[PDB]
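Reminder, nothing fancy here: chain letters follow the sequence lines and each chain counts from 1.
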Amino acid sequence: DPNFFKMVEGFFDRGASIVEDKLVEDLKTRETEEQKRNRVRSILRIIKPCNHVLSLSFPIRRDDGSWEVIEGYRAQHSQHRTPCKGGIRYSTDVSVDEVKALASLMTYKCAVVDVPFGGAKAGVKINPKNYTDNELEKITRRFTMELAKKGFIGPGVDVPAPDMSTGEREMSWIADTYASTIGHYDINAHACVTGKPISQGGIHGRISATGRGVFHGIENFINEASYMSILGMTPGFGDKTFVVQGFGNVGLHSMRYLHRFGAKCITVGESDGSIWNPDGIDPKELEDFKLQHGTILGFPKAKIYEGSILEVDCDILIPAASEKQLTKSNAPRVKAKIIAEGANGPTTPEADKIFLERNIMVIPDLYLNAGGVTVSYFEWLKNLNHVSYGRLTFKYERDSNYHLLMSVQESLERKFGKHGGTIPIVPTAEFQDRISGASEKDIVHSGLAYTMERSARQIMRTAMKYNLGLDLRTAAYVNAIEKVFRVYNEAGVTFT
Amino acid sequence: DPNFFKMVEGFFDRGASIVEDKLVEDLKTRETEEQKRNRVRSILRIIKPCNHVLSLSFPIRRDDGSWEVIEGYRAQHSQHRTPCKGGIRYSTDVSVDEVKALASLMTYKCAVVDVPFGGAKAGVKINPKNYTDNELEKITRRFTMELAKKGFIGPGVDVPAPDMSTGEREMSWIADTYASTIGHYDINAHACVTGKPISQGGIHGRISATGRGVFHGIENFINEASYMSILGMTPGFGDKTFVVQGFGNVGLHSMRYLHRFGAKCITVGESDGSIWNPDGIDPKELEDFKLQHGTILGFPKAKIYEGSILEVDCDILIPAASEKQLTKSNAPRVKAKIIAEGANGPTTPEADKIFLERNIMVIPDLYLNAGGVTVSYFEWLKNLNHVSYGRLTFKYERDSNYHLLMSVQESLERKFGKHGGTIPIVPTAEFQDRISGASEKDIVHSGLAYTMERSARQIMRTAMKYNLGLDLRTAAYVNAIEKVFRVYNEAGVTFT
Amino acid sequence: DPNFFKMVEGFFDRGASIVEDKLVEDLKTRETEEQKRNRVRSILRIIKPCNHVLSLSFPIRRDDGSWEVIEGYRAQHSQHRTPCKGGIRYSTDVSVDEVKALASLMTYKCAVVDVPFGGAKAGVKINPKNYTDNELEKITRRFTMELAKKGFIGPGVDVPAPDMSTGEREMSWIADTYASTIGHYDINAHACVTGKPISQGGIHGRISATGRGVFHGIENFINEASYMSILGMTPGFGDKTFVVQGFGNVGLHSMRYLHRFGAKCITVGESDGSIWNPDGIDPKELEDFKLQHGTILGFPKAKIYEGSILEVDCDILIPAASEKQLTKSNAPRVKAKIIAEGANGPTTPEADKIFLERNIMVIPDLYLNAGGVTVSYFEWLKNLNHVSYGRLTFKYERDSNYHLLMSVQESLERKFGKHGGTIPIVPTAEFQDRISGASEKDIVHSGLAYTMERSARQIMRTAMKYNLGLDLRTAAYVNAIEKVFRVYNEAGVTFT
């Protein structure tokens, strides 16, 4: 199993090698062909590595009164778009290479979904299970101070985000620390971090963001007859099964949104075991059973499945757990028609090459796992705007809709002759429910769906334009590299 | 031919002399009548001249290794609204008087279209044809640095713009230089300049901005029966001909948008000759013929017209070329019913006085040439917002429209008794095309049209309120002076 | 040969282990003995590692038009005193571990000479011999920009300095870049870097700074009878010989200043060979011979010495060349009574342990190589003051001295009875020369000598207080650790 750094390097190298010929041809400036070739190679060389990596060593005082030195890292991959964006991970396994690779991955993911952020990633080398709430808060605030002093945290410079190991309370601590010490005179101080709770400037709909993004990315390619023909399927969600690996937030919400639109789930596996029921599994039953039992084992409405969760006889495989689980050990045995990677880097390059032969579709995490990033961009915009979405427009649009219905009613009675005849003033039950429960999360989900659809169409266009098959990962990486190169080329690189 | 400085001074003097009587009467504060008269005279005296003019002399190193001293100027006319806005012109003919006059013109143009910018203008005394791309970039970056150090460039202070002689690449250089050296810690650094390419924070629809503004300003007065009666015409665009002077971006886009709405073009003239075809000229044919041939001469579908392009037997004359082309030499020979000035100051005051006698309508460049300024304001707002227009609302409004259509369908079947009867769920072909191709440029063009309509109505109201005839220039200048005086008076002038 | 990182770690560990018992005892606050022990251990643990390490990857455009990615690092060891201070090294061999070790060494060196700077070190992974002047300037300016954006360059944050591989022109480039882009609004922008040329705010006397510091550190221990007894010598500089390893700036100036005060040199060795003359070698002859011949080989007034320069039958060995040249391979053969380390880390710990047995004095580079740091502190102070030393006081003190002499003359004639008798108005030839040639370098050298004397006395006091013998390195490290601990303890560490 190659490391994520080498994986990202290989993906970028392949994408750049594919895209360079077009990058050279589209240049129409007053130089020679070989000068254009060298310029394109040079800009790619500039883009590939991380620009800034900061290693930190700061002290904290333990609860008992002892002192501990904490090691932390933050890598900013690209500054072609500011601010940089990236999560903070609290783990003993964090490393400079890992944070650099994840920062590069974030850079390329933001480009795919047209989010104007650079890539970043931070890691603190602690095990949070061995610290109290007070000590964790002290660590978070000291990390925030040290990063802010060196220009690695800021609303216009670098906006961190939560991870699996960090949460909304950590983001609250970061925002509170920045807004009160370093960014006190900055009106956008609370835009320095996303993933905040609602009372701290968070955005509505962030909880189901990644799951909804996974669902939208799945459905965009599901409703595509051109790819459905090669995969041997039918358009729509009918007669389709899916399984999820890991039942975290991403997997749970993806399962719920897939079950909503008519798809049925078969089995749900984790590291502590796996459930299995071919007739359909209810996401709410799984949710409340897990909420009570602390685990998924012992579900009375399903049974135990032997072997890995990746080899079930299903249609769509959705891994939302530990990464690099798809490799040559189990790649030729999965027998899953579509692979929907809800996690970052769950498929090795050799596994992907195997799936290419077997006509197996792999939807890259560059595109599918970008819903949370889009909603974080929306939250950052909301903090910049200092108002929630729809606050000044919901009642106005409601009045406009009522006026439109009234106009239709009067016109219908006036073509006729009536006073109380045809009544096209009644909105449908779904429309009335939408009107009554109109909130910021509706706008957020609408924007997320729009972003997912646009990105899917761009990826498809790139795939057909470069004669690519079912390897959507190559098309997505090519698209991201093209966008980043365009920004670099039309801006200039050196000011000296 | 009087200089543009004297022309602007005369326009302002006439407008102030007309508007002063009303400016005095509407004042309802606790002073005397003569004190009010003196206060109004005083505020007009304050408004008339430019506030700040900066003369620059900075060095560059040539490609061969020699050094050259570059002279540049930037004039900020008014600071009653910040930031100031104005273009940068690369020409040997630039001068302090010219940049001051153009800054004043920009101040008065922004007021007409309700754009909250002061007026500004910059000029660099070089001939860009005698420099390479590298040397031009060095000149642009050094000019940006020198202006930024003295508070003459900034998102909240002064936002430059392109001209005919400068372009999107120059704006890219300016934005890149400012965002990396002086405005590095400013979150709105890229709002320091407009006219940027799309990848650098530019706005969609800027290319056709001035042409669309010219078309909207023409159609606003075309659809006005009160003025059509005095001009002896019919409302609408039927049985109307137009010719353009110069086939630049402004003239080309104005011709295209006029041809779209049913108007027919007769002849297109430039400095290298003129084409002529009374039966109709196709803008796309002209566009691609010019793109291939580098000029307009030799068009197989039309013939040569002798004499100046300003004396054709047409209905609407649209000069979009060098200025001061309408003067006593050719004023009584033009025989064009309406003059639509798409360029800055193409008519001399004596020519305008001649057109007043001959019942010839002159639409001022203060109003007609303000589409680019409005779209630049939109681009500045987009940079401040850090998101493109419609990103969070397109899908939401699409869902709302579908729900409205569904409500109408169900209500129609329910007044009736049907399940699949009347089907008012189908949007029209034009509506469906608008829904499918909904983008930021649609919002930009909608805002531009709204601004043009509001400005046209305000100008008409001022014209009828001050007993003015077809001299819309006087009405527009009076309106701008009134707005600027209102801002000055309600704010106060001296803080000491 | 262990690496410099492990060497510094071992030196710090030994010093902390020696000093901890006293650090605990002198604490008189309201806690328990074991709490004091843990607090001291904890502060030492905080002090030991580097606080911030920044890894950079920035592009430059080559002269031929190609692009290259440059890797650079800057490590800030301690922020207990701001700004941090450290040199910039242009070499292919630079590494994160090396820059961290050198930053720690700088932290401990500044404490010894009471210079209020933290330690820092920067390295750029290029070979300057393979670049032109223009490319080197581009690299320097881009490095300055990248460091300044991340808070790693600044008059109050971090002040870089030259190295052997970087020079006054590089410091000029750094100062010019910072003062014009990021620190434009900072009145102390030119204090961001030291080692500048005179016309750029440099200080007089920097050239001979390190050599004069080496001479002063040597003479302080030479004039100490208490150590002279154990070494079996006589106080003064009579009947004393010295040899230098490497004839760089440090070695040349140390040789010149030692020859001035009556000491005689025997041989001068480098990597290209070695000269040898037991009867005395003239520093000016060596200087101009090297200036003409580009090397030291072929000196007509001396002969070739076989073997290493470290094993000559002399009294004082002064290495001013590559580091780690003293080790077990040649340690028991040197036969040099006193070792005066003018270079950073030229003696390995095993070599030092060997010299301890053989009653061989080793003067640490922590103290002896700190003259340049002191003069850099003086230059930083001069830039902050915006005036050269003595500008407002030289003439005043000259008038005061003349008045004192006149007072003595009149009093002598008035005790006597005379008008033109005793004439104590004539200053000596040396005093008159000092008065006539009074400049800033005299004040700089006076301050350097004062700093060296104070540091030597403090080191001696620590050595006798901790029962240390001739291992002055341990005493110096103990003194630096004590000072840093005092600052940390009396300030506090965590603000949370």
Heavy-atom pair of closest approach, residues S411(B) and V426(A): OG-O, 3.2 Å
Atom pair CG/OG of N401(A) and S400(B) - distance to nearest 0.5 Å: 5.5 Å
In terms of heavy-atom contacts, does NE2 of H204(A) have more than 12 from other residues, nucleotides or ligands at under 6.0 Å? no
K483(A) NZ: over 12 foreign heavy atoms closer than 6.0 Å: yes
Would you say NZ of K441(A) has more than 12 non-hydrogen atoms from neighbouring residues, nucleotides or ligands within 6.0 angstrom? no
Within a radius of less than 6.0 Å around OH of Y185(B), do more than 12 heavy atoms belonging to other residues, nucleotides or ligands occur? yes
Closest non-hydrogen atoms of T428(A) and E410(B), given as atom of the first, atom of the second and distance, are CG2-OE2, 3.2 Å
Of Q200(B), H184(B), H190(B), the largest count of non-hydrogen pairs under 4.5 angstrom with chain A goes to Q200(B)
If you tally heavy-atom pairs under 4.5 Å between each of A189(B), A179(B), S180(B) and chain A, the highest tally belongs to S180(B)
Top of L412(B), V408(B), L404(B) for chain A proximity - count of heavy-atom pairs under 4.5 angstrom: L404(B)
Is the count of non-hydrogen atoms from other residues, nucleotides or ligands lying under 6.0 Å from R414(B) atom CZ greater than 12? yes
Residues of residues 386-399 of chain A with a heavy atom under 4.5 Å from any heavy atom of chain B, in residue-number order, are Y389(A), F394(A), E397(A)
Return yes when atom CD1 of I198(B) has more than 12 non-hydrogen atoms of other residues, nucleotides or ligands closer than 6.0 Å, and no otherwise. yes
To the nearest 0.5 angstrom, please state how far the OG atom of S407(B) sits from the CG atom of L405(A). 6.0 Å
For chain B, which candidate among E430(A), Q79(A), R434(A), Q409(A) shows the most heavy-atom pairs at distances under 4.5 Å? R434(A)
How many angstroms lie between atom OG1 of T181(B) and atom CZ of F495(A), to the nearest 0.5 angstrom? 8.0 Å
What distance separates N385(B) CG from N385(A) CG, expressed to the nearest 0.5 Å? 6.5 Å
So what's closer than 4.5 Å to chain B heavy atoms on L381(A): side chain, backbone, both or neither? side chain
State whether a side-chain donor-acceptor pair under 3.5 Å links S199(B) with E490(A). yes
Which residues in residues 130-167 of chain B have any heavy atom lying under 4.5 Å from a heavy atom of chain A? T132(B), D133(B), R141(B)
Is chain B contacted by the side chain of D186(A), its backbone, both, or neither, given a heavy-atom distance below 4.5 Å? neither
Could you tell me if the side chain of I187(B) sits less than 4.5 Å from the side chain of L384(A), heavy atoms only? yes
Could you have a look at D114(A), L448(A), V115(A), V444(A) and say which one has the most heavy-atom pairs with chain B under 4.5 angstrom? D114(A)
Given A429(A), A449(A), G421(A), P116(A), the one with more heavy-atom pairs under 4.5 angstrom with chain B than any other is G421(A)
